[PDB]
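Novice: Just the first chains of my complex for now:
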Amino acid sequence: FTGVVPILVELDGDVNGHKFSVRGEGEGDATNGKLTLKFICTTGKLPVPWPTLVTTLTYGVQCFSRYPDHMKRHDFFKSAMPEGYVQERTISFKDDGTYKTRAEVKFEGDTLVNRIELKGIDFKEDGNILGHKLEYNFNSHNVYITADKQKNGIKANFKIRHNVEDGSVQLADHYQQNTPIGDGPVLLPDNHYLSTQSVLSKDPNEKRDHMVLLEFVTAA
């Protein structure tokens, strides 16, 4: 992961009987703490707003995220990179329903790969996600990370605020559990918080929805 590393993330998911898959490519610089990505849905239309899944596609991998020198040994995700890890994420939206996702992240060959399966439940018409009222903007966030020896895994928690055209703000609870596929040393950190700052842009060159995405994630 040291230095510039390319990444290709492909995933598929089902929401209320609607199946859609998204594939994307980009690169991350852990030394500079920067991450650049470009996604696209092979399906004609994606039923829900993109941001509710941009968050999942972004926070599915933490290897690229930079950490301070004191926390370099503390990181668990980098330690498990050689043999990968599996994340189970539960997201409870504020009355918009629930996401249940399972992802696998691993360094295949000499390139990093992430795959995700998503299920959406408890969705009703006239909702924010159903109505596509969410704008294209995003917000920075903080994610808290804590160890768990009983499950031999790292658990993350936080709240994500998504925006609505009328201004309505949806506070959704995000919980993550990680299990290292490998049998190596975990080096699980006791407690630490990562601040994420993400900005989204579009390329007028193509008619296809671009979702050109930039992250700067720093631990503390």
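Specialist: Thanks, I have it. Numbers count the residues shown, from 1 in each chain, chains lettered A, B, ... in the order given.
Novice: could you point out which element follows the longest helix along chain A?
Specialist: What stands out as the longest helix in chain A, according to DSSP state H, is helix A:51-58. Under the assignment DSSP states H and E, the closest C-terminal helix or strand after helix A:51-58 is helix A:69-72.
Novice: could you point out which element follows that next one?
Specialist: strand A:85-92.
Novice: Which positions within the very next helix or strand once past that following strand qualify as buried?
Specialist: Scanning forward in sequence from strand A:85-92 by DSSP H and E, the next helix or strand is strand A:98-108. Residues A:99, A:101, A:103, A:105-107 are the ones in strand A:98-108 that count as buried (16 or more other CB atoms under 10 Å). Placement of C-beta: from N, CA and C, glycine included.
Novice: looking just at contacts, which helices and strands does strand A:98-108 meet?
Specialist: Counting contacts by 3 or more CB pairs under 8 Å, 6 or more residues apart in numbering; DSSP states H and E, strand A:98-108 packs against helix A:51-58, strand A:85-92, strand A:111-121.
Novice: Just give me the residue closest to the centre of chain A.
Specialist: Among the residues of chain A, the one closest to the centroid is residue A:59, at 2.3 Å (CA atoms, centre = their mean).
Novice: Is that one in contact with residue A:143, as I believe?
Specialist: Yes. Between residue A:59 and residue A:143 there is a contact under CB atoms under 8 Å: 7.0 Å.
Novice: what is in contact with those two at once?
Specialist: A:174, A:196 (CB atoms under 8 Å, 6 or more residues apart in numbering).
Novice: hmm, back to that, out of the buried residues of strand A:98-108, which comes closest to residue A:147?
Specialist: Closest approach to residue A:147 among the buried residues of strand A:98-108 (CB to CB): residue A:105, at 18.4 Å.
Novice: Chain B should go on the structure too:
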Amino acid sequence: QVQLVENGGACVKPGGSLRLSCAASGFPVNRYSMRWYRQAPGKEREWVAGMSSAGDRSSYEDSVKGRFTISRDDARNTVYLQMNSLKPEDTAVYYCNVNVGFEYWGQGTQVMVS
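Specialist: Time to bring in chain B:
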């Protein structure tokens, strides 16, 4: 490049009226939505009020709906929030938010009913 400066914070006895004002610099206000969050000492931040980019409608939380009665003027490049009725729950402090490109938080001001 861009900055947000909010003022007008002052202590108010219950039943009084207070006006907060958030001004912007380095970007237009008419082309983007505006928002006002609130957080109490030692409490998680929460979105109390806000106003859509188009300005046709404004959205509040369950408790404060109808209290804030927010307003905006494009030429002034400043947004105004009116306390209207006051309750002790407003002891928490306020923050002014508008995210063009990368997200921006304003320093805001602290207001407590006492």
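Novice: With chain B in mind, check whether the longest helix of chain A reaches it.
Specialist: No. Helix A:51-58 does not reach chain B (CB under 8 Å from any CB of the partner chain); its nearest approach is 12.2 Å.
Novice: Quick one: work out the angle between that helix and strand A:98-108.
Specialist: Orientation of helix A:51-58 against strand A:98-108 (axes from the mean of the first three to the mean of the last three CA atoms, to 10 degrees) gives an angle of 30 degrees.
Novice: Does anything pack onto helix A:51-58? Which helices or strands?
Specialist: strand A:4-15, strand A:18-29, strand A:34-41, strand A:98-108, strand A:111-121, strand A:153-163, strand A:191-201, strand A:212-219 (3 or more CB pairs under 8 Å, 6 or more residues apart in numbering or on different chains; DSSP states H and E).
Novice: List of residues touching stretch B:92-106?
Specialist: The contact list for stretch B:92-106 (CB atoms under 8 Å, 6 or more residues apart in numbering or on different chains) reads A:137-140, A:163, A:197, A:199, B:2, B:4-6, B:9, B:20, B:22, B:24, B:27, B:29, B:32-41, B:43, B:45, B:48, B:79, B:81, B:108-112.
Novice: Which positions in chain B make contact with chain A?
Specialist: Residues of chain B lying near chain A (CB under 8 Å from any CB): B:33, B:35, B:44, B:46-47, B:50-54, B:57-59, B:99, B:101-103.
Novice: From the residues you listed, list the buried ones, please.
Specialist: B:33, B:35, B:47, B:50-53, B:58-59, B:99, B:102-103 (16 or more other CB atoms under 10 Å in any protein chain shown).
Novice: Also put chain C in, sequence below:
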Amino acid sequence: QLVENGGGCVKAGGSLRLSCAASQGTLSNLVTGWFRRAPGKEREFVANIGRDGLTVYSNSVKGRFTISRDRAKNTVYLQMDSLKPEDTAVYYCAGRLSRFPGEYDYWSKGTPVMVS
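Specialist: This next block brings in chain C, placed alongside the chains you saw above:
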């Protein structure tokens, strides 16, 4: 746990007392300090009281505030006099187990304080 209370908005020239108490048994063993955070400026050192009893106050505030640790009540109170608009900063209470100078371990939620 450190609990600080007794703060509220007031006019200029008023005297208010902020009471800080640690629920963790004794407080005399703990050096107790107070700091202020301005609405948009860096945090500053308000005052401190130590094991030997020496009380240290910043030059800007010298001669106006006083810290008293009450043996009878086992609590540390910061009394303010001639409060001015420059003191709008929120006040926090902290403690350190080491007599010598350093960073304070414990901390308190804090209360808002204001003037005219």
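Novice: With chain C now part of the structure, what is the answer for the contacts of stretch B:92-106?
Specialist: In contact with stretch B:92-106 (CB under 8 Å, 6+ apart) are residues A:137-140, A:163, A:197, A:199, B:2, B:4-6, B:9, B:20, B:22, B:24, B:27, B:29, B:32-41, B:43, B:45, B:48, B:79, B:81, B:108-112, C:112.
Novice: Which residue lies nearest the spatial centre of chain B?
Specialist: What sits nearest the mean C-alpha location of chain B, by CA atoms, centre = their mean, is residue B:36, with 3.4 Å.
Novice: does it sit in a helix, a strand or a coil?
Specialist: strand (DSSP: H, G, I helix; E, B strand; the rest coil).
Novice: Return the residues of chain B in contact with chain C.
Specialist: Listed as neighbours of chain C in chain B under the rule CB under 8 Å from any CB: B:10-11, B:41-42, B:93, B:107-110, B:112, B:114.
Novice: Of these, which is the most crowded?
Specialist: residue B:108 (24 neighbours; other CB atoms under 10 Å in any protein chain shown).
Novice: Name the nearest residue to it, sequence neighbours excluded.
Specialist: residue B:95 (4.1 Å; CB to CB, 6 or more residues apart in numbering or on different chains).
Novice: which SSE is the one you found in?
Specialist: Element membership for residue B:95 (DSSP H and E) is strand B:93-97.
Novice: quick one, that strand and strand A:153-163 angle?
Specialist: Orientation of strand B:93-97 against strand A:153-163 (the same axes, to 10 degrees) gives an angle of 70 degrees.
Novice: which of the residues in strand B:93-97 are buried?
Specialist: B:93-97.
Novice: just stretch C:36-55 next, same as before
Specialist: So for stretch C:36-55, counting by 16+ other CB under 10 Å, buried means C:36, C:46-50.
Novice: ditto for stretch C:85-94
Specialist: C:87-94.
Novice: For the residues you listed, work out which two are farthest apart.
Specialist: C:88 and C:94 (19.8 Å).
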